[PDB]
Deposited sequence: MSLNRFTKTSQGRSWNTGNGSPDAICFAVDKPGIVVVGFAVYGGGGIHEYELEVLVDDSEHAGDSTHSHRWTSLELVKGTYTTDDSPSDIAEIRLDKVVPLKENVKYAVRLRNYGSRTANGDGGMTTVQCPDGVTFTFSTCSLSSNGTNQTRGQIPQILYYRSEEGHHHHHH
C-alpha cells in the first residue's frame, strides 16, 4: 500500500524550504483515479505545494495547504486533490511536493514495483523534478490514494 517497507529513525528529513521532492509513478491497468497522496510529518505544522504532472512535464493539478501529524501516533498525513486525476495506463506521471517547516520523518526501503491487492501494479521511479533527495528508495510521499473505476 505504502511505497516504503519502513520508516526512518527520528525526523531527519530536511524540507529544503520548498526544494522539490518528487516521485514518478505509472500503472499497469486502466481506470485508476488518484484522489490524493500521503506525506510524512513531524515537527508541527507544514505548508505545502503538491502538484501532479504527466509526461518534458505537463501540470495537471496543484493543491496548496497545511498539515500536521503532531496530533497522532501516525507520522503520515493525507492530502486530497481538488480534482481527481484519472491515469493513462503505462504512462509516466509525477507527483511533486514543495514543503515548508521543520524536519520530518521520511520512508526507506522503497519498492520499485508495488502490486496492489486489487490487481494493479504501480511502478515507482526516480524523477528529474526531485532535487531534495526523494527517490525510489527513500524520502517523501509514501502513498498514492486511489480507487478503480
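**Student:** Would you flag the ranges of the deposited sequence that the structure leaves without C-alpha positions?
**Tutor:** No C-alpha for residues 1 to 2, 58 to 69, 164 to 172.
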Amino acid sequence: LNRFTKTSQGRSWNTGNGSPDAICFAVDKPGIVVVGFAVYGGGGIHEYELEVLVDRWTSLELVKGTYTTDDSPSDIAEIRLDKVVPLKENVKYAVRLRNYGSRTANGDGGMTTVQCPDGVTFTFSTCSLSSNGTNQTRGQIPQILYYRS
From here on, numbers count along this sequence of modelled residues.
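**Student:** Could you check the entry and say whether 56 to 64 or 103 to 111 has the higher mean CA B-factor?
**Tutor:** Taking the mean C-alpha B-factor of 56 to 64 and of 103 to 111, the larger value falls to 56 to 64.
**Student:** For the C-alpha atoms alone, is the average B factor greater in 136 to 144 or in 10 to 18, going by the entry?
**Tutor:** Here the higher of the two C-alpha B-factor means belongs to 10 to 18.
**Student:** Per the PDB entry, which option out of 95, 116, 35, 39 has the greatest Cα B factor?
**Tutor:** Of the candidates given, the C-alpha B-factor peaks at 116.
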